[PDB]
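Scroll down for the structure; my scribbles are underneath it.
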Amino acid sequence: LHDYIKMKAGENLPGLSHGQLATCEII
Amino acid sequence: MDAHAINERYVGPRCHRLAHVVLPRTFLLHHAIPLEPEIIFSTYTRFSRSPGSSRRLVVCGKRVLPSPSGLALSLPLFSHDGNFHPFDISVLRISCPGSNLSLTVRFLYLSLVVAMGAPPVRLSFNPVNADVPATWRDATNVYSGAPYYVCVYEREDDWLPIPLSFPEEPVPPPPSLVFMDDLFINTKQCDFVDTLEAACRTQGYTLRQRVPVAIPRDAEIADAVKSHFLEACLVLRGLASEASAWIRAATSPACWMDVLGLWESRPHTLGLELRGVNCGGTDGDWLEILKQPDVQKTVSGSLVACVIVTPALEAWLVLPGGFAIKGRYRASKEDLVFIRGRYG
Amino acid sequence: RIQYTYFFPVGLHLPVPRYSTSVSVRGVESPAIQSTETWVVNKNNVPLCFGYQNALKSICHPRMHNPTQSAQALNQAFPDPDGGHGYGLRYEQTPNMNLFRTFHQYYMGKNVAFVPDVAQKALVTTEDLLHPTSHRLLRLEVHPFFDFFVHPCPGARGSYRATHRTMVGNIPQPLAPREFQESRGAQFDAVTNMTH
Amino acid sequence: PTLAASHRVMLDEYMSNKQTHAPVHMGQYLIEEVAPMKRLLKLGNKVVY
Amino acid sequence: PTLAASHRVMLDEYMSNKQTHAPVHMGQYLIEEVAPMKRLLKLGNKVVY
Amino acid sequence: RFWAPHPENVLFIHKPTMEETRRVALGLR
Amino acid sequence: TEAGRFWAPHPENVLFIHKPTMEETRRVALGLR
Amino acid sequence: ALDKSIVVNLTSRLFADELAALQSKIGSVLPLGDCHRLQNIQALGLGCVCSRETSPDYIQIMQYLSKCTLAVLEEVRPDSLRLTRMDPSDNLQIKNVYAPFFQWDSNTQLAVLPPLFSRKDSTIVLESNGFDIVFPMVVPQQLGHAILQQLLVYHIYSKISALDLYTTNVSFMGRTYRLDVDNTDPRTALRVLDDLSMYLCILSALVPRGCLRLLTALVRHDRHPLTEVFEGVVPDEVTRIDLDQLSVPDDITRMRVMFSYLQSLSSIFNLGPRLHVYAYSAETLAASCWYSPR
Amino acid sequence: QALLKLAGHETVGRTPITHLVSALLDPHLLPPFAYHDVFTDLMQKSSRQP
Amino acid sequence: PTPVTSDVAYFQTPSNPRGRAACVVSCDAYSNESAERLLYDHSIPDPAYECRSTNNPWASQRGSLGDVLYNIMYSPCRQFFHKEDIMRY
Amino acid sequence: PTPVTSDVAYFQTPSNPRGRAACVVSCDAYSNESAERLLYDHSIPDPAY
Amino acid sequence: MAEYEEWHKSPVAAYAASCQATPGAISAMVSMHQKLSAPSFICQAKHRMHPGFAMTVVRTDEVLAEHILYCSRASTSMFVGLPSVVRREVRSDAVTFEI
Amino acid sequence: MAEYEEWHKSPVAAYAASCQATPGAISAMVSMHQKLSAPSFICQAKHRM
Amino acid sequence: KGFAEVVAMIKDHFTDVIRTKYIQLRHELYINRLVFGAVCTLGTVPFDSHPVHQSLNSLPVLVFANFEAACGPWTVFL
């Protein structure tokens with residue numbers, strides 16, 4: 001089951017258009 | 001309806017009589033003939049109680065757009081020594097020039113011969129014409145059971161019917177002489193499986209690896225690979241086909257391969273050629289087999305067995321898991337004259 | 001001579017909780033009507049229309065209607081597909097008229113149920129088919145008019161073949177939703193002017 | 001993108017008041033143009049640059 | 001084209017506010033003029049160029 | 001864990017289930 | 001892809017038999033036969 | 001007199017690897033689009049129709065070649081190709097460079113043919129510009145026709161087949177040479193075979209009967225040198241035409257009409273423009289021909 | 001009587017266009033229960049062979 | 001042609017009609033094995049957005065109707081869909 | 001006289017009351033057999049819309 | 001029955017299993033059986049219907065832009081050769097020189 | 001019957017198969033048989049029809 | 001276009017003429033009828049020189065400039 005939920009979420013980017021991408025969190 | 005009158009001037013003289021045949025769509029849906037104008041037809045007949053081969057002829061065919069409707073052809077009939085044989089198959093081979101398509105359509109003469117039964121000097125000018133009227137006569141194919149039409153065009157002719165020379169005693173039964181091909185190949189296949197079952201007895205009813213493929217650890221998987229060998233023995237015995245792999249290996253002048261559809265989940269594709277792989281049996285040569293896209297899915301996947309035939313008529317049964325058993329097709333010298341004549 | 005490129009859409013369908021911002025318009029608020037046109041200002045400030053009759057010279061064309069041009073490029077796009085379970089391929093005809101025999105052979109010892117390609121698109125919402133967690137639900141929506149799948153021929157590897165959709169409802173929900181079909185049917189009402 | 005307005009209303013409202021127009025109404029919508037050239041739009045005598 | 005309001009209200013709205021006049025209302029319409037000369041329009045004491 | 005490939009890996013075929021498969025192939029032909 | 005590297009301990013091919021799809025194709029094939 | 005040359009602008013530059021081929025093939029013949037002075041590379045390539053991405057059309061290349069002018073290289077600069085053109089009647093000096101080496105002599109008769117012995121040899125690439133300059137080749141007319149003889153035989157026996165040593169190879173006296181025919185576009189070569197079929201069956205309806213009777217009296221009585229195409233076996237079809245009586249005043253009205261159609265086979269066996277050579281050297285490989293088109 | 005105002009009246013060839021605009025009017029779509037000999041009326045009014 | 005539930009908020013801002021932006025300037029030099037993953041891969045979202053993968057999947061994918069017609073008069077959709085003429089950048 | 005479904009937006013911009021634009025400056029020189037196709041040949045759309 | 005060789009191709013039944021059963025919903029299904037082909041779209045332009053797909057238009061446009069070119073000092077070093085005159089064509093009407 | 005030499009002249013019948021059978025649609029059909037002549041136009045321009 | 005193309009192009013200029021002779025002459029056909037046409041070669045026009053339209057008393061006549069003239073043998077084609 002843990003390999004199933006990991007399938008539903010997900011170096012992988014070769015290019016980016018608008019800029020250097022930034023992470024967010026969840027509280 | 002132009003292709004009848006074209007063939008009487010170019011295929012017409014090179015034969016003895018022509019069999020003008022129009023194929024309806026109900027015949028076309030059964031044999032799956034995709035009507036494009038690129039199609040090259042080729043015809044040859046397979047004799048009986050004689051050395052069986054006639055030369056190959058190219059016959060032109062055109063779609064008839066609308067009183068029947070469908071593909072129109074003309075089949076050659078051959079009269080050796082002044083008469084027809086009743087049990088004498090005329091084979092129509094359909095193929096495209098570029099793509100991978102080969103279809104064999106087979107007709108019998110008794111469905112055709114019966115269906116025919118009811119100052120400067122002048123230079124002549126004789127063009128092709130559809131002026132001659134047609135008389136549409138019904139028929140059924142014996143092999144498939146799909147109806148096809150036969151034209152009879154108007155021209156020691158009305159006095160005599162069409163000559164037939166029925167076979168003489170002692171004779172095999174005509175349910176067995178009509179299907180001469182499907183009872184010859186079936187006994188070669190049933191003798192091929194008996195070499196594989198004899199090869200288990202000398203090894204102690206075992207299956208040894210030959211191809212290095214890792215197997216996930218479950219006891220039910222080890223029982224599943226055994227079920228692929230027994231199912232392949234139900235298929236290789238039941239298979240009796242005109243275009244099998246070992247037949248192409250016998251009439252070759254290279255490994256010949258055909259995958260199988262186990263448990264009827266796939267239709268069989270037969271006669272796939274391994275170009276550039278020499279099946280020598282050494283461990284260097286199995287890697288050239290593994291570069292093929294078919295052999296990777298016959299072993300990593302499931303539900304597909306695979307048969308690889310050498311030009312020396314030695315064949316392996318490749319199972320999923322890398323397991324293989326060496327077997328041998330037994331063809332005598334009298335049998336190779338029978339195969340290279342009618343087929344190759 | 002600087003040469004730009006321009007684009008503008010036509011004939012869309014907004015989602016269900018429809019909203020407004022303007023206060024000057026009173027006559028187009030009803031969600032039963034759907035626009036089939038857009039207006040583009042010309043060079044000399046003349047507002048030109050754009051209908052499907054002005055867009056008919058390149059929809060009705062056999063390049064738009066054959067997959068042989070398309071299934072030879074998809075075949076070189078993914079050359080070794082997983083040959084799937086042969087569920088909805090064809091009709092295996094058998095000489096039976098006892099349908100209770102055919103009913104009973106198929107459901108007797110079945111233990112694992114298959115789901116086809118197209119039946120697992122008609123339950124998906126309009127956004128999850130476009131979400132990047134789904135390849136196979138998104139890879140096989142190649143063409144609008146047609147519908148692709150995986151065929152076991154040739155060999156032991158698969159290839160892609162094609163059926164035609166023939167209707168509007170055979171387009172799935174994530175590409176033509178439920179409320180679009182209702183608002184399209186209300187346009188069928190007011191044209192022929194029938195009474196229920 | 002250019003001026004697209006799926007009804008006659010939205011194109012004849014963006015001409016009226018530039019600021020308070022709606023990009024999205026209930027039935028229709030408007031793509032306000034973002035173009036590397038600007039022009040004078042004269043639909044009557046109202047001018048929206 | 002000239003001024004042509006198909007009812008008395010539309011001409012009395014184009015006078016009262018030049019910008020937010022309706023070019024086309026539900027029943028009637030108006031043609032705002034695009035003319036090579038452009039005049040003053042004194043109807044009472046409200047003036048529209 | 002996977003098994004390691006080796007040319008001595010064997011699968012023992014039963015004698016009756018190979019002959020009971022031989023009975024079915026006779027009838028279907 | 002070398003002759004001396006034939007019997008690798010982790011070769012590139014891995015068997016993967018999906019046992020639910022194998023039972024449904026046996027059982028239909030035992031229905032027709 | 002008449003002062004002529006052609007300088008060709010390479011649009012950016014060119015490398016030093018691809019210059020080694022354009023320097024090695026100096027003094028060769030290539031066609032170009034229009035008779036300008038100043039010129040881009042996109043007219044000098046014969047392979048604007050002999051493309052890589054599509055299959056070539058060997059008749060259409062040769063059919064292209066009687067249209068265009070022909071030009072001779074003399075100098076190569078790494079930004080500009082300097083050539084010289086060929087006026088329709090002009091004594092020039094040509095040099096024999098071409099790699100399948102066929103010896104010439106004085107008073108031979110040349111011909112300009114598409115590259116058929118090797119495609120990759122006669123097509124050098126210039127990827128500084130994204131274009132390939134494609135050379136033609138000059139061949140004496142004993143093989144100027146004898147390749148077009150072999151090429152028209154091949155397209156007949158491809159449709160019948162769909163052996164491989166008789167349908168492809170070209171036999172000059174002494175040697176054989178394999179053609180470079182693997183992937184062609186014969187849809188404009190079968191029109192040429194549909195233009196033999198009209199002239200050939202007309203020449204099978206007015207065959208003079210006296211010449212038919214001389215075959216009956218030669219293939220079985222004496223032994224001519226070139227009657228050994230046949231065996232002693234005469235065709236059965238010749239006797240099935242022979243049975244009508246002779247007619248001397250109707251072997252003039254058949255000979256004169258048959259003679260007129262053999263002026264017409266100079267319309268389907270055409271070469272390109274021709275080069276009448278009048279002086280040749282053997283150890284300099286330099287000829288001096290006389291250009292005259294048609 | 002509501003479908004026939006969209007389908008028009010003109011013909012391509014022998015076939016009317018009402019047999020082609022909507023699948024509710026194409027007789028090759030059959031109603032999924034037949035108590036009558038519908039299978040033989042389909043063949044004599046069809047350039048599409050069933 | 002486009003699915004009917006494409007977004008108006010896409011058509012406001014200057015992007016290409018593919019759904020996935022063809023800005024191949026951003027990727028690495030001469031990595032043609034890696035420069036295809038922007039134009040036709042769908043395991044990642046597009047370089048424009050981070051919630052959806054593709055606006056119209058009838059024109060973005062390999063074999064789709066953008067790759068059928070315009071990818072090999074004048075066509076302004078030859079600008080955006082041709083695979084070889086974007087890999088020059 | 002003019003049909004009741006004549007579109008009002010035709011009357012906003014300075015065209016002519018023919019319905020079709022009659023700008024014969026645009027066509028070729030000295031071609032009376034080709035300039036007539038602007039005025040009366042109703043296969044093409046009119047040069048305005 | 002196989003679902004791919006069929007007129008009714010399963011997403012039809014997904015709509016009918018999620019309706020409201022309202023007299024407006026009957027008008028959807030009658031208009032849903034619409035032959036999504038080429039010569040029916042003609043009959044969805046004579047009545048201004050909406051076929052089952054939206055589209056995106058793509059254009060081009062041209063501008064005669066009068067440009068400004070700036071160039072700094074001594075970016076280029078020139079080399080000017082000496083001119084000459086070459087004769088090519090002799091006809092009965094003209095002799096063509098070119099520098 | 002000859003459809004061109006007749007009072008009723010088939011586009012009448014297209015209105016009959018497309019009504020809604022409203023009491024306002026009756027008064028349309030009374031005014032629909034209005035004689036389209038010259039000395040009938042006087043009687044509609046008096047009452048401003 | 002050179003002589004190898006025009007003989008293949010004149011045959012398509014007389015497609016509907018060859019069919020309307022040999023069908024018309026199939027009840028009786030003579031060997032001296034089989035010659036069908038003859039192409040000469042009259043001279044060369046310099047390329048980029050255009051023909052000029054001209055009407056004379058009317059009669060529209062094209063006129064070439066700088067036409068140098070030659071001759072040629074009559075060649076049969078069919």
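The way I read the labels, and the way they are meant: chains A, B, ... in the order of the structure tokens, residue 1 as the first residue of every chain, and ligand 1 as the first ligand shown, with later ones counted on from there.
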Quiz item: Could you name the residues that touch region 23-37 of chain D at 9 Å or less, counting only C-alpha atoms, but leaving out those on the same chain fewer than 6 positions away, as an MDAnalysis selection string?
Solution: (chainID C and resid 4 6 8:9 12:14 17:22 28:35) or (chainID D and resid 1:7 9:11 14) or (chainID J and resid 8:9 11:14)
Residues of the last selection are to be written out with N, CA, C and O atoms, as a short mmCIF file (atom, residue, chain, number, x, y, z; two decimals), in the first residue's frame.
```
data_model
loop_
_atom_site.label_atom_id
_atom_site.label_comp_id
_atom_site.auth_asym_id
_atom_site.auth_seq_id
_atom_site.Cartn_x
_atom_site.Cartn_y
_atom_site.Cartn_z
N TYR C 4 4.59 39.18 -35.97
CA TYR C 4 4.16 38.54 -34.74
C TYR C 4 3.18 37.41 -35.04
O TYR C 4 2.72 37.24 -36.17
N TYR C 6 -0.48 35.62 -33.36
CA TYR C 6 -1.58 35.91 -32.46
C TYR C 6 -2.48 34.69 -32.33
O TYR C 6 -2.61 33.90 -33.27
N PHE C 8 -6.41 33.34 -30.42
CA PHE C 8 -7.62 33.61 -29.67
C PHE C 8 -8.52 32.38 -29.75
O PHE C 8 -8.63 31.77 -30.82
N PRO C 9 -9.13 31.97 -28.64
CA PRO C 9 -10.00 30.79 -28.67
C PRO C 9 -11.42 31.17 -29.03
O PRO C 9 -11.76 32.34 -29.19
N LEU C 12 -15.82 28.07 -25.82
CA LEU C 12 -15.46 27.31 -24.63
C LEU C 12 -16.67 27.11 -23.73
O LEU C 12 -17.81 27.43 -24.07
N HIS C 13 -16.40 26.55 -22.55
CA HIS C 13 -17.44 26.30 -21.55
C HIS C 13 -16.81 26.48 -20.18
O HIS C 13 -15.95 25.70 -19.78
N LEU C 14 -17.25 27.51 -19.47
CA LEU C 14 -16.76 27.80 -18.14
C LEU C 14 -17.26 26.73 -17.17
O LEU C 14 -18.26 26.06 -17.44
N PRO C 17 -19.75 26.67 -10.99
CA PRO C 17 -20.19 27.84 -10.21
C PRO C 17 -19.90 29.16 -10.91
O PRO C 17 -18.93 29.85 -10.59
N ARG C 18 -20.75 29.51 -11.87
CA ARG C 18 -20.48 30.66 -12.73
C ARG C 18 -20.66 31.96 -11.96
O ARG C 18 -21.50 32.07 -11.06
N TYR C 19 -19.85 32.95 -12.32
CA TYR C 19 -19.74 34.20 -11.58
C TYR C 19 -19.72 35.36 -12.55
O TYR C 19 -19.51 35.19 -13.75
N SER C 20 -19.88 36.57 -12.01
CA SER C 20 -19.82 37.77 -12.82
C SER C 20 -19.09 38.85 -12.04
O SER C 20 -18.94 38.78 -10.82
N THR C 21 -18.64 39.84 -12.76
CA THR C 21 -18.02 41.02 -12.16
C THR C 21 -18.69 42.30 -12.63
O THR C 21 -18.83 43.24 -11.85
N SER C 22 -19.15 42.34 -13.88
CA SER C 22 -19.71 43.54 -14.47
C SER C 22 -21.13 43.79 -13.97
O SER C 22 -21.83 42.89 -13.51
N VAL C 28 -27.73 38.46 -20.90
CA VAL C 28 -27.04 37.25 -21.33
C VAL C 28 -26.69 36.36 -20.13
O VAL C 28 -25.96 35.38 -20.25
N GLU C 29 -27.29 36.65 -18.97
CA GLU C 29 -26.92 36.01 -17.72
C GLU C 29 -27.31 34.55 -17.64
O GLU C 29 -26.76 33.82 -16.80
N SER C 30 -28.25 34.09 -18.46
CA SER C 30 -28.82 32.76 -18.29
C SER C 30 -27.83 31.68 -18.72
O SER C 30 -27.25 31.76 -19.81
N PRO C 31 -27.61 30.65 -17.90
CA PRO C 31 -26.65 29.60 -18.24
C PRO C 31 -27.18 28.53 -19.18
O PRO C 31 -26.58 27.46 -19.27
N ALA C 32 -28.30 28.77 -19.87
CA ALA C 32 -28.79 27.80 -20.84
C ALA C 32 -28.22 28.04 -22.23
O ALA C 32 -28.22 27.13 -23.06
N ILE C 33 -27.73 29.25 -22.49
CA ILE C 33 -27.20 29.63 -23.79
C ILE C 33 -25.69 29.45 -23.77
O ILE C 33 -25.04 29.58 -22.73
N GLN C 34 -25.13 29.06 -24.92
CA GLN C 34 -23.69 28.94 -25.10
C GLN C 34 -23.27 29.64 -26.38
O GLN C 34 -23.87 29.41 -27.43
N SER C 35 -22.25 30.48 -26.29
CA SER C 35 -21.72 31.16 -27.46
C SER C 35 -21.01 30.19 -28.38
O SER C 35 -20.32 29.28 -27.94
N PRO D 1 -2.18 37.30 -27.29
CA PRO D 1 -3.62 37.20 -27.53
C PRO D 1 -4.24 38.52 -27.97
O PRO D 1 -3.72 39.60 -27.71
N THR D 2 -5.39 38.41 -28.64
CA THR D 2 -6.12 39.56 -29.16
C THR D 2 -7.45 39.72 -28.44
O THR D 2 -7.77 39.01 -27.49
N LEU D 3 -8.23 40.69 -28.92
CA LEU D 3 -9.58 40.89 -28.41
C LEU D 3 -10.49 39.77 -28.88
O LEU D 3 -10.82 39.68 -30.06
N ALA D 4 -10.89 38.92 -27.95
CA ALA D 4 -11.94 37.95 -28.20
C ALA D 4 -13.05 38.20 -27.19
O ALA D 4 -12.78 38.35 -26.00
N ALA D 5 -14.28 38.27 -27.67
CA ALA D 5 -15.42 38.48 -26.79
C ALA D 5 -16.56 37.65 -27.34
O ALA D 5 -17.08 37.95 -28.42
N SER D 6 -16.95 36.62 -26.60
CA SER D 6 -17.85 35.62 -27.14
C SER D 6 -19.28 36.10 -27.31
O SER D 6 -20.09 35.36 -27.87
N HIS D 7 -19.62 37.30 -26.86
CA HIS D 7 -20.86 37.92 -27.25
C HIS D 7 -20.55 39.35 -27.66
O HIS D 7 -19.45 39.85 -27.44
N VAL D 9 -21.72 41.85 -26.26
CA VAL D 9 -21.75 42.68 -25.06
C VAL D 9 -20.35 43.04 -24.60
O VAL D 9 -20.03 44.22 -24.41
N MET D 10 -19.49 42.03 -24.43
CA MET D 10 -18.22 42.23 -23.74
C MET D 10 -17.27 43.09 -24.55
O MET D 10 -16.52 43.89 -23.97
N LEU D 11 -17.31 42.99 -25.88
CA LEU D 11 -16.51 43.89 -26.70
C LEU D 11 -17.05 45.31 -26.66
O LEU D 11 -16.28 46.27 -26.74
N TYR D 14 -15.85 46.65 -22.88
CA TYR D 14 -14.44 47.00 -22.79
C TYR D 14 -14.13 48.30 -23.51
O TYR D 14 -13.21 49.03 -23.11
N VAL J 8 -9.78 29.72 -19.65
CA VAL J 8 -9.68 31.08 -20.15
C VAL J 8 -8.44 31.77 -19.59
O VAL J 8 -7.77 32.54 -20.28
N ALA J 9 -8.09 31.45 -18.34
CA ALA J 9 -6.90 32.00 -17.69
C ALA J 9 -5.60 31.56 -18.36
O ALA J 9 -4.55 32.15 -18.07
N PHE J 11 -5.47 31.57 -21.84
CA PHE J 11 -5.45 32.35 -23.06
C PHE J 11 -5.15 33.83 -22.83
O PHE J 11 -5.03 34.57 -23.81
N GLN J 12 -5.02 34.27 -21.58
CA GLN J 12 -4.77 35.68 -21.31
C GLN J 12 -3.30 36.04 -21.43
O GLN J 12 -2.97 37.14 -21.89
N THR J 13 -2.42 35.15 -21.05
CA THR J 13 -0.99 35.37 -20.97
C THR J 13 -0.27 34.79 -22.18
O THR J 13 -0.70 33.77 -22.73
N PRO J 14 0.83 35.41 -22.63
CA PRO J 14 1.46 34.96 -23.88
C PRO J 14 2.24 33.66 -23.78
O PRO J 14 3.45 33.66 -23.54
#
```
Quiz item: Using only C-alpha atoms, which chain C residues lie at most 8 Å away from chain B, written as a PyMOL selection string?
Solution: chain C and resi 80+86+152-157
Please dump the current selection as an mmCIF file, in the first residue's frame; keep C-alpha atoms.
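Generated output (selection-v3.cif):
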```
data_model
loop_
_atom_site.group_PDB
_atom_site.id
_atom_site.type_symbol
_atom_site.label_atom_id
_atom_site.label_comp_id
_atom_site.auth_asym_id
_atom_site.auth_seq_id
_atom_site.Cartn_x
_atom_site.Cartn_y
_atom_site.Cartn_z
ATOM 1 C CA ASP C 80 7.050 -1.532 -27.270
ATOM 2 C CA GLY C 86 -7.507 -8.286 -24.406
ATOM 3 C CA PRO C 152 -1.671 -7.736 -29.152
ATOM 4 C CA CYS C 153 -0.413 -8.007 -32.740
ATOM 5 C CA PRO C 154 2.382 -8.391 -33.913
ATOM 6 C CA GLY C 155 4.564 -10.988 -32.219
ATOM 7 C CA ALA C 156 4.567 -10.895 -28.430
ATOM 8 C CA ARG C 157 4.646 -7.075 -28.344
#
```
Practice problem: Show which residues sit within 8 Å of residue 36 (chain N), as a PyMOL selection string. Count only C-alpha atoms, and ignore same-chain residues fewer than 6 positions away. | Solution: chain N and resi 76-78
Keeping N, CA and C atoms for every residue in the selection just given, could you write it to a file as an mmCIF file, in the first residue's frame?
```
data_model
loop_
_atom_site.group_PDB
_atom_site.id
_atom_site.type_symbol
_atom_site.label_atom_id
_atom_site.label_comp_id
_atom_site.auth_asym_id
_atom_site.auth_seq_id
_atom_site.Cartn_x
_atom_site.Cartn_y
_atom_site.Cartn_z
ATOM 1 N N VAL N 76 9.390 12.239 -86.173
ATOM 2 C CA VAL N 76 8.101 11.612 -85.914
ATOM 3 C C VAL N 76 7.948 11.366 -84.415
ATOM 4 N N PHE N 77 6.722 11.503 -83.910
ATOM 5 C CA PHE N 77 6.412 11.149 -82.532
ATOM 6 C C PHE N 77 5.040 10.497 -82.491
ATOM 7 N N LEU N 78 4.888 9.516 -81.604
ATOM 8 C CA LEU N 78 3.582 8.917 -81.331
ATOM 9 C C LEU N 78 3.550 8.175 -79.999
#
```
Hey, which bits of chain C sit within 12 Å of chain M, and for each residue what's the closest pair of atoms and how far apart in Å (one decimal), counting only C-alpha atoms, rows by chain and increasing number, as a Markdown table?
```
| residue | atom | partner | partner_atom | distance |
| --- | --- | --- | --- | --- |
| C:189 | CA | M:18 | CA | 11.9 |
| C:190 | CA | M:18 | CA | 10.7 |
| C:191 | CA | M:18 | CA | 10.0 |
| C:192 | CA | M:18 | CA | 7.6 |
| C:193 | CA | M:18 | CA | 6.2 |
| C:194 | CA | M:18 | CA | 7.6 |
| C:195 | CA | M:20 | CA | 7.1 |
| C:196 | CA | M:20 | CA | 10.7 |
```
Practice problem: Looking only at strand (DSSP E or B) from DSSP on the backbone, list the matching residues of region 58-190 of chain C as a ChimeraX atom specification. | Solution: /C:146-151,159-164
Restricting the output to C-alpha atoms, write the selected residues as a PDB file, in the first residue's frame.
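Output below, filename part34.pdb:
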```pdb
ATOM      1  CA  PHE C 146     -11.030   8.688 -32.601  1.00  0.00           C
ATOM      2  CA  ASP C 147     -10.161   6.433 -29.679  1.00  0.00           C
ATOM      3  CA  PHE C 148      -6.965   4.413 -29.367  1.00  0.00           C
ATOM      4  CA  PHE C 149      -6.019   1.209 -27.553  1.00  0.00           C
ATOM      5  CA  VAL C 150      -3.365  -1.516 -27.381  1.00  0.00           C
ATOM      6  CA  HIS C 151      -3.637  -4.496 -29.727  1.00  0.00           C
ATOM      7  CA  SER C 159       0.694  -2.048 -31.306  1.00  0.00           C
ATOM      8  CA  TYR C 160      -1.894   0.725 -31.405  1.00  0.00           C
ATOM      9  CA  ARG C 161      -5.158   0.515 -33.346  1.00  0.00           C
ATOM     10  CA  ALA C 162      -8.124   2.813 -33.746  1.00  0.00           C
ATOM     11  CA  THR C 163     -11.903   3.044 -33.488  1.00  0.00           C
ATOM     12  CA  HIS C 164     -14.150   5.968 -34.375  1.00  0.00           C
TER      13      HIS C 164
END
```
Practice problem: Would you please give, as a list in words, all residues of chain M that DSSP assigns to alpha helix (DSSP H) based on the backbone? | Solution: residues 11, 12, 13, 14, 15, 16, 23, 24, 25, 26, 27, 28, 29, 30, 31, 32, 41, 42, 43, 44, 45 and 46 of chain M
Quiz item: Counting only C-alpha atoms, what is within 12 Å of residue 66 (chain L), bar same-chain residues fewer than 2 positions away, as a list in words?
Solution: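 What passes the distance filter is residues 1 and 2 of chain C; 63, 64, 68 and 69 of chain L.
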Output file for the residues above (N, CA and C atoms, as a PDB file, in the first residue's frame):
```pdb
ATOM      1  N   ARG C   1      10.517  44.323 -41.302  1.00  0.00           N
ATOM      2  CA  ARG C   1       9.103  43.995 -41.179  1.00  0.00           C
ATOM      3  C   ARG C   1       8.947  42.977 -40.056  1.00  0.00           C
ATOM      4  N   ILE C   2       8.574  43.463 -38.880  1.00  0.00           N
ATOM      5  CA  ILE C   2       8.401  42.603 -37.719  1.00  0.00           C
ATOM      6  C   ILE C   2       7.105  41.824 -37.881  1.00  0.00           C
TER       7      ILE C   2
ATOM      8  N   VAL L  63       4.166  44.416 -39.602  1.00  0.00           N
ATOM      9  CA  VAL L  63       4.280  45.823 -39.228  1.00  0.00           C
ATOM     10  C   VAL L  63       5.494  46.399 -39.946  1.00  0.00           C
ATOM     11  N   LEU L  64       5.307  47.507 -40.664  1.00  0.00           N
ATOM     12  CA  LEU L  64       6.428  48.254 -41.242  1.00  0.00           C
ATOM     13  C   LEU L  64       7.040  49.140 -40.162  1.00  0.00           C
ATOM     14  N   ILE L  68      15.715  52.012 -35.452  1.00  0.00           N
ATOM     15  CA  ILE L  68      16.847  52.834 -35.043  1.00  0.00           C
ATOM     16  C   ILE L  68      18.047  51.920 -34.893  1.00  0.00           C
ATOM     17  N   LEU L  69      19.081  52.159 -35.685  1.00  0.00           N
ATOM     18  CA  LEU L  69      20.320  51.407 -35.575  1.00  0.00           C
ATOM     19  C   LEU L  69      21.392  52.272 -34.934  1.00  0.00           C
TER      20      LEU L  69
END
```
Quiz prompt | Distance query residue 9 (chain K) at most 10 Å, only C-alpha atoms, self and fewer than 2 positions along chain excluded, as a PyMOL selection string | solution = (chain C and resi 46-48) or (chain D and resi 43) or (chain E and resi 23-24+31) or (chain K and resi 6-7+11-13)
Exercise. Would you give me, as a PyMOL selection string, the residues of chain F that come within 6 Å of chain B, using only C-alpha atoms?
Key: chain F and resi 2-5+7+9-13+25+29
Exercise. Do me a favour and pick out the residues of chain H within 9 Å of chain B, using only C-alpha atoms, as number ranges by chain.
Key: H: 160, 162, 205-206, 250, 253-254
Let me see the file: selected residues, C-alpha atoms, as a JSON list (two decimals), in the first residue's frame.
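Result file result.json:
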```json
[["chain", "number", "residue", "atom", "x", "y", "z"],
["H", 160, "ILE", "CA", 7.74, -9.05, -61.91],
["H", 162, "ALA", "CA", 7.95, -8.07, -56.55],
["H", 205, "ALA", "CA", 2.65, -4.84, -86.33],
["H", 206, "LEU", "CA", 4.63, -3.65, -89.39],
["H", 250, "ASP", "CA", 4.53, -3.96, -99.43],
["H", 253, "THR", "CA", 5.44, 0.62, -97.38],
["H", 254, "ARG", "CA", 6.41, -1.36, -94.27]]
```
